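Here we start with a single chain on its own, the form deposited in one PDB entry, put down as structure tokens.
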């Protein structure tokens, strides 16, 4: 089943064979994890990644809000509160999907978790447009008349 790591006694820094074996193995792993439905064990790590990506976006949007017209703030802040909403729901649906594994509700909680996820990405794209309109507005202001 199992074998030792590849020999440490070869350079690897210009080893195209090593690199191509790596590429092909990854291409197989990527293919297989697409084809197959991930087990609910795997949900948590997947969600932590999404959550990390959110906090980065939010912390960045925090630092951008000082620049933008005061009249744009409430709307940006709402767009953020909405992403947090999507995260709440994502997390709750995840927990429900895990709890109801091997019930008649497995597929439904799964679907609903994905709906929460898809919503989080639509609303991210929406936060971008909100911030962008804010910025163009500020450029209008900054530009003399």
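Just so we're on the same page, rigid core means the largest C-alpha set that superposes within 1.5 Å between forms. Residues that one form lacks are left out of the comparison. Numbering follows the first chain given and starts at 1.
Only in words, not in the display: the form deposited with a partner chain bound, which the text now covers.
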Quick one: lay the two forms over each other on the core and tell me which of 128, 136, 121, 17 moves its CA by at least 2 angstroms between this form and the one not shown. 17
After superposition on the rigid core, does the Cα atom of residue 102 shift by at least 2 Å between this form and the one not shown? yes
Suppose the core is superposed; which segments, at least 3 residues long, show C-alpha displacements of 2 Å or more throughout between this form and the one not shown? 9-20, 102-104
